[PDB]
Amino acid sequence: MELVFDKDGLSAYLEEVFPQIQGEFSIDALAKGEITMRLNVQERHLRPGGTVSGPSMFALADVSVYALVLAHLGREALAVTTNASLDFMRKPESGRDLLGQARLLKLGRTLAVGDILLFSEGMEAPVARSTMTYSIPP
């Protein structure tokens, strides 16, 4: 499993793939089995003293592992979320970006599985973890 995409290309293709969510998600780092996606909490426009929601944390987890699955499979690969689990461990720090450190554990003929830790930037103890499973059609 070597990448068929670089950080810049994949960021471009993601904006093409899902243009609805423009300026919410950005790649900090990309590597053969690892990605760090960033959720820009300025885009959320929460009231002061507010924190990223459960759904936005889901979104971050889902986009990170999906980006990584695409990273290897390419533009053709039509991968689909089949399962998602999320454990919510610590309240995120208000006003801080959320970072998703995602690794790919399986990329098989029919099924990919990645997991992910989520951090409020600056805080080293993770706010959440998640596993995401996808199916890969023909």
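The first residue of the shown sequence is 1; numbering continues from there.
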Mean B factor on CA atoms, stretches 129-137 and 2-10, record says higher is 2-10
Mean temperature factor over C-alpha atoms, higher-scoring stretch between 91-99 and 40-48 | 40-48
Considering only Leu78, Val69, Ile35, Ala84, which residue's Cα atom bears the greatest B-factor as recorded?
-> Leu78
Position of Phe18 among the chain's modelled residues by C-alpha B-factor, lowest, middle or highest third | highest
Would you mind ranking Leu105 by its C-alpha B-factor against the rest of the chain and naming the third, lowest, middle or highest?
-> lowest
Lowest, middle or highest third: where is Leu111 by Cα B-factor in its chain?
-> middle
Would you mind checking where the Cα B-factor of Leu30 ranks among the modelled residues of its chain, as the lowest, middle or highest third?
-> middle
Cα B factor band for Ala59 (lowest, middle or highest third within the chain) | lowest
